[PDB]
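Novice: Dropping a structure here in structure tokens format, bear with me for questions.
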Amino acid sequence: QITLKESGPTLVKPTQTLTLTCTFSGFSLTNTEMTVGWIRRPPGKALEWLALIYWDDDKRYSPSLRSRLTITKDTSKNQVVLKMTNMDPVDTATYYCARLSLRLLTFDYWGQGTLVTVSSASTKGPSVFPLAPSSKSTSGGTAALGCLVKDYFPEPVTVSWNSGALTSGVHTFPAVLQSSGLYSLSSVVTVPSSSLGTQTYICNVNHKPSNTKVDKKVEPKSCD
Amino acid sequence: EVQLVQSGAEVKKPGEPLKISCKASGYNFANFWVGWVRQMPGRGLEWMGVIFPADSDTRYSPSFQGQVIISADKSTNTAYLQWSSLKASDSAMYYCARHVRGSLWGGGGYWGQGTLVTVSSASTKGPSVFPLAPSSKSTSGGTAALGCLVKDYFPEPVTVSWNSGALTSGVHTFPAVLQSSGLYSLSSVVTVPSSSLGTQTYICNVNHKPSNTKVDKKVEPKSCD
Amino acid sequence: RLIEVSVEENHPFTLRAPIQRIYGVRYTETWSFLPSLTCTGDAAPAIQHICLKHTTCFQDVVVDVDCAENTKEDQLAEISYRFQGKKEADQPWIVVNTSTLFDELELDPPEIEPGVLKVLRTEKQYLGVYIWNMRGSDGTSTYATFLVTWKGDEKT
Amino acid sequence: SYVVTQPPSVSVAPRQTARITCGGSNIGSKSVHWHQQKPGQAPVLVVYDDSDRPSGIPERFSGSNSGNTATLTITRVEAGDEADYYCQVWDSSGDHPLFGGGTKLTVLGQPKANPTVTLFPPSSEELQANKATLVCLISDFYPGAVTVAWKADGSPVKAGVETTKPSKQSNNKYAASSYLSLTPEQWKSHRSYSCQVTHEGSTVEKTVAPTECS
Amino acid sequence: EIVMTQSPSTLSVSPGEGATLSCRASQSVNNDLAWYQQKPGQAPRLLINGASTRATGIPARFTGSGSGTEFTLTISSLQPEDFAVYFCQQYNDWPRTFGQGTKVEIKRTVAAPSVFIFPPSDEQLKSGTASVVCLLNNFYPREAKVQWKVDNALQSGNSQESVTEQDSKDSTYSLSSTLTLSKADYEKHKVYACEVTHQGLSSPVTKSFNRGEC
């Protein structure tokens with residue numbers, strides 16, 4: 001089996017330098033048929049080629065962005081590093097690292113990629129609030145209640161409902177762009193009316209750029 | 001550059017053997033093709049054969065096999081053509097040619113100057129001159145023509161001049177025709193205005209090298225005595 | 001061990017060499033020549049079964065001493081590439097041609113492609129012996145030797 | 001450099017056959033491959049090196065390569081086949097891989113269902129921070145063409161109103177969110193805030209008032 | 001034996017204009033055709049080899065095209081030095097056949113000829129056979145018929161004719177016709193006459209003389 005993973009930062013200020021790491025396992029670059037490449041994806045645009053590295057320190061660079069790339073390999077620890085300097089706001093994208101075989105000239109195995117975002121803001125934590133179910137929202141005996149985080153930066157937020165055990169009836173809406181340019185999201189769960197008072201609902205939010213872990217319980221609102 | 005030279009003109013008699021030489025200089029003689037071509041007045045231009053002066057390999061034309069022999073000399077870089085018995089139908093011009101490139105399938109790249117071979121049963125003779133006299137019946141718009149007729153000479157060529165070279169303008173000298181008897185005849189004519197019929201003296205000169213003849217003859221009005 | 005090939009005038013011919021390539025290794029190919037234009041008849045190189053003292057017996061081409069002294073080793077063409085793909089339109093190669101032997105003879109240089117040498121119109125200036133060599137970036141070397149002579153000389 | 005062009009968008013009615021073409025000047029001699037990727041997912045390979053199959057790839061995908069055509073044909077098409085497809089080649093002049101522009105497949109003709117509309121207000125502690133952001137939630141509707149309207153007792157509200165492009169999830173449906181932010185005092189000032197969702201002539205309205213409990 | 005035809009047999013192209021010569025073969029000869037040019041009293045020179053290539057030093061005005069069994073050579077601008085004979089040759093199968101040839105002349109206005117008749121002098125009478133001569137000078141084109149009318153009847157079988165080349169200044173022509181007889185044969189008849197028929201002249205013209213006339 002072949003395994004590829006990606007790591008690095010997520011926020012880059014304008015005209016600074018960006019570094020990213022792609023790690024691989026299941027093969028060795030000492031073999032003379034394997035190459036490692038990097039590509040990127042803008043919002044709803046074409047998969048763009050960035051760079052390619054061989055076994056013999058050969059380099060293949062994109063014609064459009066040739067002057068501003070660097071790619072290096074380390075066979076001892078099975079690592080590949082990419083450096084891309086002079087960031088631009090319109091270059092926000094998602095970047096992927098993949099494997100290529102010289103016997104077919106087509107990319108076979110891919111990773112998961114990572115987000116690269118350019119902005120002039122600062123890291124902010126979560127503002128977590130419980131969204132309680134309402135009587136009008138109870139249709140067919142099902143009520144929706146959840147955990148809403150607002151005023152956070154940047155994308156994304158890793159959400160665990162009861163430590164990820166519950167996977168049915170979970171709606172985690174995509175983030176939104178406010179007039180203030182601040183994302184806001186909410187993870188909700190729809191449960192039967194009879195089970196409203198018998199099951200414990202706890203949201204866990206983990207934020208890798210800010211390495212923050214926040215746990216909050218959701219309960220229905222009580223009149224006072 | 002490229003240089004191909006040939007030998008002099010040949011006059012012979014039937015029943016005698018002959019050999020001609022074509023010299024080449026200016027390249028590597030071994031790895032190229034050289035061959036011969038014949039031009040005769042009455043059947044056009046024909047190919048005869050080629051040689052490759054590195055293995056002496058030969059391929060004659062179907063028609064000419066067993067009539068000639070083609071050989072090459074790598075020392076002095078010369079091609080040779082040999083006959084067996086000169087027949088009366090072997091009087092023509094001959095050329096030696098080297099191919100444009102190193103392949104067998106190519107045209108004639110570089111040529112020589114040509115060898116003229118003439119065979120006839122007659123012997124050397126000297127020409128006789130006669131006056132084509134001017135007259136009143138020889139008038140066309142006030143201009144009268146007069147000339148010299150050279151007959152019964154062998155072999156070619158014969159030089160004709162008019163009045164030592166002063167009257168070279170308006171002259172006309174037709175080619176030579178071989179008569180049945182085996183001797184050539186030709187004419188030369190010039191035109192003069194009728195106002196100078198008796199003033200200028202017209203003396204035509206004929207020179208013949210093989211017969212060593214130099215004859216000057218006068219063209220004058222034919223008096224009705 | 002050498003290959004025997006027979007050709008005829010005005011008939012094309014082609015030489016192909018056994019190749020065992022491995023993807024990803026930078027590879028170089030070299031072609032050579034050894035003519036017999038001035039070596040005709042018994043002086044021309046010939047195939048003989050050369051036998052060792054007790055064990056080895058193999059075919060080899062013997063060249064006359066005078067013919068060998070009159071023959072100089074020459075380079076016809078050199079190719080450099082890397083093995084990749086299955087088709088041929090996806091395989092780029094870099095060719096270096098320093099062969100001046102056929103330029104002075106005013107002939108057509110042979111058509112060389114990876115593993116193949118082809119001549120369209122055979123003449124008497126193409127006969128002789130050919131040497132083919134393959135080398136790689138992993139330390140592998142392979143040699144082969146072809147012999148082209150006139151048709152009909154095999155029986156004699 | 002080689003140039004490869006493919007049509008941008010092709011729509012196929014349900015359960016039919018779809019053919020996507022990768023074409024270029026003398027494209028038969030070159031190998032052309034297919035890469036598939038759904039939104040918000042890692043790309044996957046389906047067809048490589050002129051119509052063979054890797055393990056796990058569905059059998060409804062077929063490839064043909066001849067002349068100036070490389071055709072990818074899918075039969076028995078579901079909604080789950082709605083994804084982004086690319087044709088990739090190895091450009092020899094630059095000796096590097098080259099991707100295309102991408103093709104999007106549209107699966108119309110799906111059954112039509114009325115949207116589910118919910119409205120939820122900010123909690124107590126959110127109001128304690130002198131902020132209020134009420135969220136409307138639209139789920140299980142198709143197609144993804146809704147209009148979100150905020151009515152304060154019938155008066156349209158356009159201040160601080162955000163509506164998002166509905167998002168596809170794993171069940172081949174779309175879902176959308178809407179936000180409207182005011183001060184807690186502003187929230188308490190109004191009488192009835194109604195979220196209305198319009199979908200193919202179907203209007204679903206849900207109203208809420210600060211007087212009642214949440 | 002491969003045979004060839006050259007077309008057409010004669011050209012008359014004014015300066016500035018161009019010319020097209022056709023060479024027709026019998027069997028297929030592939031691309032093995034050559035074109036040569038020959039002038040009065042000089043060795044032929046190579047113009048075209050391989051039916052498409054130009055030899056070293058050959059001007060671009062000569063373009064050679066065609067294939068199979070038919071070939072053509074075209075000249076755009078005719079310099080004053082380009083009127084000569086042109087031959088086509090094949091080198092596929094032996095015998096290697098040539099062409100008869102095509103001649104290029106200079107076109108000009110038709111000019112009536114000047115006709116003279118010369119009787120034999122006395123020296124030819126004493127020495128033996130006598131010769132009478134008819135002369136045509138400064139005419140164009142070449143076609144012109146000269147006949148001898150001994151006594152009052154057409155004489156034939158005893159006339160020799162010669163013609164010169166193009167005039168270097170006015171492209172006019174000249175021909176000479178000689179009739180030979182024996183002394184007794186000359187003395188036996190009374191009147192000798194020369195008849196000339198030419199395209200330019202309205203009617204044939206006859207010049208006659210009698211023995212004993214100066």
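Please note that chains go A, B, ... in the order of the structure tokens, that every chain numbers its residues from 1, and that ligands are numbered from 1 in the order shown.
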Which residues of chain B are close to chain E, meaning at most 7 Å apart when you count only C-alpha atoms, and how do they look as a PyMOL selection string?
Specialist: chain B and resi 44-47+61-62+105-109+111-113+131-133+135+138+140+174-175+222+224
Novice: Just to be explicit: take each residue in the selection above, keep N, CA, C and O atoms, and write the result as a CSV table (one decimal), in the first residue's frame.
Specialist:
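For reference, again_6.csv as written:
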chain,number,residue,atom,x,y,z
B,44,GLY,N,20.7,11.7,-82.8
B,44,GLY,CA,20.6,12.4,-81.5
B,44,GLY,C,21.7,12.0,-80.5
B,44,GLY,O,22.8,11.8,-80.9
B,45,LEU,N,21.3,12.0,-79.2
B,45,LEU,CA,22.3,11.8,-78.1
B,45,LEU,C,22.0,10.4,-77.5
B,45,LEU,O,20.9,10.1,-77.2
B,46,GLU,N,23.1,9.6,-77.3
B,46,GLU,CA,23.0,8.3,-76.7
B,46,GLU,C,24.0,8.1,-75.6
B,46,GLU,O,25.1,8.7,-75.6
B,47,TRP,N,23.7,7.2,-74.6
B,47,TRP,CA,24.6,6.8,-73.6
B,47,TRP,C,25.4,5.6,-74.1
B,47,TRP,O,24.8,4.7,-74.8
B,61,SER,N,26.0,-0.2,-72.2
B,61,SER,CA,24.6,-0.2,-72.8
B,61,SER,C,24.4,-1.5,-73.6
B,61,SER,O,25.3,-2.1,-74.2
B,62,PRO,N,23.2,-2.0,-73.6
B,62,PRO,CA,22.9,-3.2,-74.5
B,62,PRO,C,23.3,-3.1,-75.9
B,62,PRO,O,23.8,-4.0,-76.5
B,105,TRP,N,22.6,6.2,-59.9
B,105,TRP,CA,21.5,6.8,-60.5
B,105,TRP,C,21.5,8.3,-60.4
B,105,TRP,O,20.9,8.9,-59.6
B,106,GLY,N,22.3,8.9,-61.4
B,106,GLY,CA,22.4,10.3,-61.4
B,106,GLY,C,22.8,10.8,-62.8
B,106,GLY,O,23.2,10.0,-63.7
B,107,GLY,N,22.5,12.1,-63.1
B,107,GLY,CA,22.8,12.7,-64.4
B,107,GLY,C,24.2,13.0,-64.5
B,107,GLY,O,25.1,12.8,-63.7
B,108,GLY,N,24.5,13.6,-65.7
B,108,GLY,CA,25.9,14.0,-66.0
B,108,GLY,C,26.3,15.3,-65.4
B,108,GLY,O,25.8,16.4,-65.7
B,109,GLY,N,27.1,15.2,-64.3
B,109,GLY,CA,27.5,16.3,-63.6
B,109,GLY,C,28.5,17.3,-64.3
B,109,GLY,O,28.1,18.4,-64.6
B,111,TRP,N,31.3,17.8,-67.6
B,111,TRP,CA,31.5,17.3,-68.9
B,111,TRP,C,32.9,17.8,-69.4
B,111,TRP,O,33.5,18.7,-68.8
B,112,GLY,N,33.3,17.3,-70.5
B,112,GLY,CA,34.6,17.7,-71.2
B,112,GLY,C,34.3,18.7,-72.3
B,112,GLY,O,33.4,19.5,-72.2
B,113,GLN,N,35.1,18.6,-73.4
B,113,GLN,CA,35.0,19.5,-74.5
B,113,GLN,C,34.6,18.8,-75.8
B,113,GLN,O,34.1,19.4,-76.7
B,131,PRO,N,34.2,32.8,-108.7
B,131,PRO,CA,33.5,34.0,-108.4
B,131,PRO,C,32.0,34.0,-108.7
B,131,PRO,O,31.6,33.7,-109.8
B,132,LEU,N,31.2,34.2,-107.6
B,132,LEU,CA,29.8,34.5,-107.8
B,132,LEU,C,29.7,36.0,-108.1
B,132,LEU,O,29.6,36.8,-107.2
B,133,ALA,N,29.6,36.3,-109.4
B,133,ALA,CA,29.9,37.7,-109.9
B,133,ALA,C,28.6,38.5,-109.8
B,133,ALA,O,27.5,38.1,-109.9
B,135,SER,N,26.0,41.5,-110.9
B,135,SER,CA,25.4,41.8,-112.2
B,135,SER,C,24.2,42.7,-112.0
B,135,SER,O,23.7,42.9,-110.9
B,138,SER,N,21.5,40.9,-110.5
B,138,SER,CA,21.8,40.6,-109.0
B,138,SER,C,21.5,41.8,-108.2
B,138,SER,O,22.2,42.1,-107.2
B,140,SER,N,18.7,44.2,-105.9
B,140,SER,CA,17.5,44.2,-105.1
B,140,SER,C,17.5,45.6,-104.4
B,140,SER,O,18.1,45.7,-103.3
B,174,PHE,N,27.8,30.4,-95.2
B,174,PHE,CA,27.0,29.2,-94.8
B,174,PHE,C,27.8,28.0,-94.4
B,174,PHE,O,29.0,28.0,-94.7
B,175,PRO,N,27.2,27.1,-93.7
B,175,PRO,CA,28.0,25.9,-93.4
B,175,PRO,C,28.4,25.0,-94.5
B,175,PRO,O,28.1,25.3,-95.7
B,222,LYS,N,31.4,41.2,-114.5
B,222,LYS,CA,31.6,40.4,-115.7
B,222,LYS,C,31.4,41.2,-116.9
B,222,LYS,O,30.3,41.6,-117.3
B,224,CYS,N,30.9,42.3,-120.6
B,224,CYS,CA,30.2,41.7,-121.8
B,224,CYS,C,31.1,41.9,-123.1
B,224,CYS,O,30.7,42.6,-124.0
Novice: Using only C-alpha atoms, which residues of chain C come within 8 Å of chain B, and what is the closest atom pair for each, with the distance in Å to one decimal? Give it as CSV, sorted by chain and residue number.
Specialist:
residue,atom,partner,partner_atom,distance
C:38,CA,B:54,CA,7.8
C:105,CA,B:102,CA,6.1
C:106,CA,B:102,CA,5.3
C:107,CA,B:102,CA,5.9
C:123,CA,B:103,CA,7.7
Novice: Could you turn the residues from that selection into a file that holds N, CA and C atoms, as a PDB file, in the first residue's frame?
Specialist:
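The result, stored in part.pdb:
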ATOM      1  N   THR C  38      37.994  -0.944 -50.214  1.00  0.00           N
ATOM      2  CA  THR C  38      39.266  -1.363 -50.786  1.00  0.00           C
ATOM      3  C   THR C  38      39.619  -2.804 -50.446  1.00  0.00           C
ATOM      4  N   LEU C 105      31.837  11.366 -49.656  1.00  0.00           N
ATOM      5  CA  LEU C 105      31.401  10.459 -50.710  1.00  0.00           C
ATOM      6  C   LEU C 105      30.149  10.942 -51.423  1.00  0.00           C
ATOM      7  N   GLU C 106      29.525  12.015 -50.937  1.00  0.00           N
ATOM      8  CA  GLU C 106      28.314  12.576 -51.534  1.00  0.00           C
ATOM      9  C   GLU C 106      27.211  11.526 -51.634  1.00  0.00           C
ATOM     10  N   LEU C 107      27.016  10.793 -50.547  1.00  0.00           N
ATOM     11  CA  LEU C 107      25.989   9.771 -50.440  1.00  0.00           C
ATOM     12  C   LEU C 107      24.988  10.164 -49.357  1.00  0.00           C
ATOM     13  N   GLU C 123      23.934   0.393 -52.173  1.00  0.00           N
ATOM     14  CA  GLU C 123      24.955   0.535 -53.202  1.00  0.00           C
ATOM     15  C   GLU C 123      26.189  -0.255 -52.794  1.00  0.00           C
TER      16      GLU C 123
END
Novice: Taking into account only C-alpha atoms, which residue in the set B:192, B:34, B:119, B:2 is nearest to residue 141 (chain B)?
Specialist: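 Counting only C-alpha atoms, the residue closest to residue 141 (chain B) is B:192.
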Novice: Distance CA of residue 67 (chain C)-CA of residue 11 (chain C), one decimal place?
Specialist: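 Computing the Euclidean distance for CA of residue 67 (chain C) and CA of residue 11 (chain C) yields 26.9 Å.
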Novice: Wanna dump the chain C-chain A contacts at 9 Å for me, each residue with its shortest atom pair and the distance in Å to one decimal, counting only C-alpha atoms, ordered by chain and number, as CSV?
Specialist:
residue,atom,partner,partner_atom,distance
C:22,CA,A:32,CA,8.8
C:23,CA,A:33,CA,6.4
C:24,CA,A:32,CA,5.0
C:25,CA,A:32,CA,6.8
C:83,CA,A:102,CA,8.4
C:84,CA,A:102,CA,5.7
C:85,CA,A:103,CA,5.3
C:86,CA,A:103,CA,7.4
Novice: List as CSV every residue of chain C that is in contact with chain D, defined as an atom at most 9 Å from one of its atoms (using only C-alpha atoms), together with the nearest atom pair and the distance in Å rounded to one decimal, sorted by chain and then rising number.
Specialist:
residue,atom,partner,partner_atom,distance
C:85,CA,D:31,CA,8.9
C:86,CA,D:31,CA,8.9
C:87,CA,D:30,CA,7.3
C:88,CA,D:29,CA,8.0
C:89,CA,D:29,CA,6.2
C:90,CA,D:92,CA,5.9
C:91,CA,D:92,CA,7.3
C:92,CA,D:92,CA,6.7
Novice: When you look at region 12-15 of chain A with a cut-off of 9 Å (counting only C-alpha atoms), what residues show up, excluding the ones that are within fewer than 2 positions of it in the same chain? I need them as a VMD selection string.
Specialist: chain A and resid 9 to 10 17 to 18 85 to 89 116 to 121
Novice: Would you compute the distance between CA of residue 39 (chain C) and CA of residue 149 (chain C)? Give it in Å to one decimal.
Specialist: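 Calculated distance between CA of residue 39 (chain C) and CA of residue 149 (chain C) is 11.2 Å.
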Novice: Smallest atom-to-atom distance to chain A: which of D:167, D:9, D:36, D:196, using only C-alpha atoms?
Specialist: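 Once distances to chain A are computed over only C-alpha atoms, the minimum belongs to D:167.
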Novice: Please report the interatomic distance between CA of residue 197 (chain E) and CA of residue 137 (chain B) in Å with one decimal.
Specialist: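 Computed distance, CA of residue 197 (chain E) to CA of residue 137 (chain B), equals 19.1 Å.
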Novice: Quick one: residues within 9 Å of residue 130 (chain D), only C-alpha atoms, excluding same-chain residues fewer than 6 positions away - as a PyMOL selection string?
Specialist: chain D and resi 183-185
Novice: If you run DSSP on the backbone, which residues of region 46-207 of chain A are strand (DSSP E), as an MDAnalysis selection string?
Specialist: chainID A and resid 48:53 59:61 70:74 79:84 93:101 106:110 114:118 127:131 142:152 158:161 170:172 183:192 201:207
